[PDB]
Amino acid sequence: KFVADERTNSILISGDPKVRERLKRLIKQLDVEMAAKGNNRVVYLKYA
Amino acid sequence: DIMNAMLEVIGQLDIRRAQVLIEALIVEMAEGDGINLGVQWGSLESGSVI
């Protein structure tokens, strides 16, 4: 089965060295961080 | 993440402000003329005036 800590932000695992193979695979799978979306933007008004 | 956002907002609101030199020009030109002329008459013995 599964654990993690967000003190550390770390996946802990309980189970197989097959769970160790595939869940080091999923250790790696969703590690990715989305690129900044420019969620907010400062616009310089020319006239108004 | 919110920190990295607000630092990019602050970065773009911190810009230098250009400064304008406003020079007004006021021109007031007046001119005037007049000619007042006339002849008056009078006799005060029997009072009669123009």
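- Method of structure determination, per the deposited record: cryo-EM was used for this entry, reaching 3.26 Å resolution.

Points about the overall build of chain B
Thought 1: Looking only at helices and strands, one finds 1 helix and 2 strands in chain B.
Thought 2: Tracing chain B from N to C terminus, the helices and strands come up as α-β-β.
Thought 3: Expected size for 50 residues packed as a compact globule is a radius of gyration near 10 Å; at 38 Å, chain B overshoots this value by more than 25%.
Thought 4: Each principal axis of the C-alpha distribution contributes one length, and for chain B these read about 110 × 20 × 10 Å.
Thought 5: Residue burial in chain B is summarised as follows: out of 50 residues, 0% are buried.

A short note on the layout of surface pockets
Residues and elements named next belong to chain A.
Thought 1: Here the largest pocket is characterised by a volume of approximately 420 Å³.
Thought 2: Here the lining of the largest pocket is built from residues that sort into 5 nonpolar, 5 polar and 4 charged.
Thought 3: As a volume, the second largest pocket reaches approximately 280 Å³.
Thought 4: Lining the second largest pocket we find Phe2, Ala4, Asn9, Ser10, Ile11, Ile13, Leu23, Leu26, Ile27, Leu30 and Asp31.
Thought 5: For the lining of the second largest pocket, the elements supplying multiple residues, two or more each, are β1 (2-5), β2 (10-13) and α1 (17-29).
Thought 6: Looking at the lining of the second largest pocket residue by residue, the classes come out as 8 nonpolar, 2 polar and 1 charged.

Some points on a positive patch on the surface
All names here are of chain A.
Thought 1: A contiguous patch of positive charge, built from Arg20, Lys24, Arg25 and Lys28, is present on the exposed surface.
Thought 2: Its place among the elements puts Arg20 in helix α1.
Thought 3: According to the relative accessible area criterion, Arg20 is partly exposed, its value standing at 49%.

Description of helix α1 (residues 2-13) of chain B
Thought 1: Helix length check: α1 of chain B (12 residues) gives 16 Å between terminal C-alpha atoms against 16 Å at 1.5 Å per residue, within 8%.
Thought 2: With 0 of 12 residues buried, α1 of chain B is to be regarded as a mostly surface element.

Digging into unusual backbone geometry
Trans peptide bonds make up the majority, and among non-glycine residues the majority have a negative phi.
Residues and elements named next belong to chain A.
Thought 1: The phi dihedral of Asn9 falls on the positive side, at around 55°, and the residue is not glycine.
Thought 2: Structurally, the position occupied by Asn9 is in the loop between β1 and β2.
Thought 3: Given the relative accessible area of 60%, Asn9 is considered exposed.

So, a nonpolar patch on the surface
Thought 1: Side chains of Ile2, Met3, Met6, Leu7 and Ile10 of chain B sit close together on the surface and give an oily, nonpolar patch of about 520 Å² of accessible area.
Thought 2: Tracing the chain through its elements places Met3 of chain B in helix α1.

So, the pattern of salt bridges
As a working rule, side chains carrying opposite charge can pair if their charged atoms are close by.
All names here are of chain A.
Thought 1: Summed over the entire model, instances satisfying the criterion amount to 1 salt bridge over all chains.
Thought 2: The salt bridge partner of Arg7 is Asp5, with a shortest N-O separation of 3.6 Å.
Thought 3: Accessibility expressed as a relative area gives 73% for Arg7, which makes it exposed.

Conventions used here
Residues numbered from 1 in each chain as written, not as in the entry; some residues may be left out. Chains lettered and ligands numbered in written order. Part of a larger assembly, values for the part shown. Heavy atoms only, no water. Helix = DSSP H or I, 4+ residues; strand = E, 2+ residues; numbered from the N terminus. Rg over C-alpha atoms; globule rule 2.2 N^0.38 Å. Buried < 20%, exposed > 50% of the residue type's maximum accessible area, 1.4 Å probe, protein only. 1 Å grid on protein atoms, 1.4 Å probe; cavity = no way out; pocket = protein on both sides within 12 Å on 5 of 7 lines; lining within 4 Å. Points joined across faces, edges and corners; volume = space filled by probe spheres on them. Nonpolar A, V, L, I, M, F, W, Y, C, P; charged D, E, K, R; others polar. Patch = residues over 30% accessible without salt bridge, like charges linked within 9 Å, V, L, I, M, F, W, Y side chains within 5 Å. Areas by Shrake-Rupley, 256 points an atom, 1.4 Å probe, with all protein chains shown as cover. Salt bridge = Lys/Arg side-chain N within 4 Å of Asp/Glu carboxyl O. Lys, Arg positive; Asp, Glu negative; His and termini not counted. Charge placed at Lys NZ, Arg CZ, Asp CG, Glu CD. Expected span 1.5 Å × (residues − 1).

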